[PDB]
Amino acid sequence: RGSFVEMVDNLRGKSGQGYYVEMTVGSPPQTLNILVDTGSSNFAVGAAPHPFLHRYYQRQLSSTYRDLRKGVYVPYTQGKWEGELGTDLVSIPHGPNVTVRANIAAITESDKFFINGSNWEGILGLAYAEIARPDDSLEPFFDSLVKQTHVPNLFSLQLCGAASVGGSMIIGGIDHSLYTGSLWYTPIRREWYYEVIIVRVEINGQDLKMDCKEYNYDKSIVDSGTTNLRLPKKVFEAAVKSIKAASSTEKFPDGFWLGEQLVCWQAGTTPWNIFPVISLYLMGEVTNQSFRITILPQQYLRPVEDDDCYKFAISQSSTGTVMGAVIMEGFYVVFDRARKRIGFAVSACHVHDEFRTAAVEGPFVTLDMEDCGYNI
Ligand SMILES: C[C@]1(c2cc(NC(=O)c3cnc(OCF)cn3)ccc2F)N=C(N)SC[C@@H]1c1ccccc1
């Protein structure tokens, strides 16, 4: 506990393509790069020679492969994958010194799922069984890991932003070299997604003053498998209005705020100072107690290489708040499953300037925080 040198820097990727970890599957071990995804619950790997794929799982080569004789069909908002369920032996080379028998969905057909030019061949769904396909009886990888080994029921993520990105997934613990200051914990409201409650939103310390239920309509989640900070429609328009007001030193086309246009500045002359900070107050551990996380334009204006051009990476949502890479790149994030809570601390690797840094601050007095959660 406290130091996991072998797991530091075990994540790689490209901007906009996500963060992957090296895994092995089968006997003998077949090496695959696997997207780290806290917003889903399936371990699903390429099993057929799709042209975008560097590598794929070849079940015929594995002596420890067991066919579950069951299909799985996963349409989602932005694509589709389908596969054949099985089990096999799985290890993480730059993770704990263990081997686990895990459920594997062998992907046999997909659409808009694999990224052309990416270096990953599968997805590690790190959320809970309730959202696993086809149903909650398919035990997620991390559940299998904890059940079969002495690995503590905790993992933590340091996602380091920017073409190449990196970071750390500490499996079974916390590495104190990855953050500065203190960890502040928010309750996991329900174990399906990593669902949290946002109690207050500020743009440059100016409260949006919305009914806090709007912030979590219909949920708020922490998702390493999403790029943007996604906000419910009503919250998004309030936030953009305020961000526009604060940044009115320079005028931008309306399309930029909708992510339909890039904005460019002469190399290394990006006016970070004109753009406001964004604070999300999260439900704390104690009644009437909250803390806030604060991100910079360096997090929400993402570099696009095609002199210095940027995409606005805050976007409107109909699925509730999604705290994607935009949020997570500011913070060391502790998924403390054992204690049903998520910890946030200022990341040792977050992108900032000489004037401002990302911040995790508390405690604050916030009443009626339970009222902020949405119920069907
Ligand atoms: C499995 C799923 C998913 C995610 C991605 N992610 C990415 O490509 C990506 C790109 N850049 C990032 O940061 C910047 F570097 C982060 N991630 C790609 C394909 C996918 F199918 N995970 C989700 N959380 S959202 C939809 C989907 C999903 C979720 C739930 C149920 C089914 C499918």
Side-chain angles (χ1 to χ4, degrees), residues 11-21 33-46 50 52-53 72-83 104-105 107 109-136 138 140-141 157-169 192-195 219-230 259 295 298-304 310-315 317-331 333 335 347 349-351:
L11 306 183
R12 291 284 172 271
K14 300 278 170 185
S15 283
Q17 290 183 359
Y19 297 82
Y20 59 80
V21 69
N33 287 336
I34 304 294
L35 182 89
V36 170
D37 181 25
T38 65
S40 70
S41 300
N42 282 85
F43 185 36
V45 306
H50 195 287
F52 301 172
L53 293 181
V72 62
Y73 183 77
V74 188
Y76 58 97
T77 307
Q78 55 278 70
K80 181 221 86 203
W81 70 263
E82 56 184 291
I104 303 160
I107 303 168
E109 194 183 311
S110 70
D111 186 72
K112 290 163 149 68
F113 175 79
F114 299 117
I115 303 166
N116 193 28
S118 77
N119 197 40
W120 57 263
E121 298 85 57
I123 300 189
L124 184 62
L126 292 165
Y128 300 96
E130 211 207 287
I131 61 157
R133 275 77 165 155
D135 54 64
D136 61 7
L138 199 78
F141 175 84
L157 294 172
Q158 191 208 45
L159 312 178
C160 308
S164 273
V165 292
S168 305
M169 181 175 52
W192 57 324
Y193 298 94
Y194 290 104
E195 195 194 354
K219 64 190 174 291
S220 296
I221 73 170
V222 183
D223 185 4
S224 65
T226 295
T227 300
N228 285 4
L229 169 60
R230 318 219 290 108
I295 61 156
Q298 283 92 339
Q299 278 79 60
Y300 69 80
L301 305 175
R302 297 188 109 246
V304 185
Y310 297 95
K311 211 196 88 174
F312 188 61
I314 304 166
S315 62
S317 179
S318 53
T319 61
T321 301
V322 187
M323 289 159 71
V326 163
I327 291 295
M328 296 186 74
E329 283 163 21
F331 311 103
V333 187
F335 295 80
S347 180
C349 77
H350 89 274
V351 180

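Whatever order the structure lists ligands and atoms in, that order sets their numbers, starting from 1. Residue numbers run from 1 in the order of the sequence given. We use all heavy atoms of the structure for the numbers below, so side chains are in, but hydrogens, waters and symmetry mates are not.
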Close N or O approach (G18, ligand 1; < 3.5 Å): yes

Does at least one non-hydrogen atom of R302 fall below 4.0 angstrom from an atom of ligand 1? yes

For ligand 1, note which part of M328 has a heavy atom under 4.0 Å away: side chain, backbone, both or neither. neither

Report the part of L35 in contact with ligand 1, treating N, CA, C, O as backbone and CB onward as side chain, heavy atoms under 4.0 Å; options are side chain, backbone, both, neither. side chain

Start with the C-alpha distance between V72 and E82, add both sets of side-chain angles, then the distance that settles side-chain contact (heavy atoms from CB on, under 4.5 Å), and finish with yes or no. CA-CA 6 Å; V72 62; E82 56 184 291; over 6 Å; no

Main chain of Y300, side chain of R302: is a donor-acceptor contact present, judged purely on distance under 3.5 Å? no

For the student: nearest non-hydrogen atoms of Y128 and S41, plus distance: O-OG, 2.6 Å

Could you tell me whether a side-chain N or O of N33 sits under 3.5 Å from a main-chain N or O of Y20, the two making a donor and an acceptor? no

Atom 27 (C) of ligand 1: nearest protein contact (heavy atom, Å): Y76 CD1, 3.9 Å

Identity and distance of the protein heavy atom lying nearest atom 16 (C) of ligand 1: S224 O, 3.3 Å

Do any nitrogen or oxygen atoms of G225 come within less than 3.5 Å of a nitrogen or oxygen of ligand 1? yes

Donor-acceptor check, side chain of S110 to backbone of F113, threshold 3.5 angstrom: yes or no? no

Quick one: does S164's side chain get under 4.5 Å of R12's, heavy atoms only? no

Return the minimal non-hydrogen interatomic distance between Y76 and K112, and the atom names on each side. OH-O, 3.6 Å

May I ask you to check if ligand 1 and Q78 share an N or O to N or O distance below 3.5 Å? no

shortest atom 10 (C) of ligand 1-to-protein heavy-atom contact is with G16 O, 3.4 Å

Closer than 4.0 Å to some heavy atom of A325 - which atoms of ligand 1 meet that? 13 (O), 14 (C)

Tell me whether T38 contacts the main-chain N or O of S224 through its side chain, where contact means a donor paired with an acceptor under 3.5 Å. yes

Suppose I only count heavy atoms of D223 and a 4.0 Å limit; which atoms of ligand 1 are within that range? 23 (C), 24 (N)

Do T319 and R230 have side-chain atoms, one donor and one acceptor, less than 3.5 Å apart? yes

I'd like to know if the side chain of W120 reaches the main chain of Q17, judged simply by a donor and an acceptor atom lying under 3.5 Å from each other, with no hydrogens or angles considered. yes

Around atom 30 (C) of ligand 1, find the nearest protein heavy atom and jot down its residue, atom name and distance. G39 O, 3.5 Å

For atom 2 (C) of ligand 1, what is the closest protein heavy atom, and at what distance to 0.1 Å? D37 OD2, 3.6 Å

Is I115 touching ligand 1 with its side chain, its backbone, both, or neither, if touching means heavy atoms under 4.0 Å apart? side chain

As an exercise, identify every atom of ligand 1 less than 4.0 angstrom from a heavy atom of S40. 1 (C), 29 (C), 30 (C)

Which ligand 1 atoms are under 4.0 Å away from a heavy-atom of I123? 1 (C), 3 (C), 19 (C), 20 (C), 21 (F)

Is the contact between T227 and ligand 1 made by the side chain, the backbone, both, or neither, using heavy atoms and a 4.0 Å cut-off? both

Charged tip of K219 within 45° of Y193 ring normal and under 6.0 Å: yes

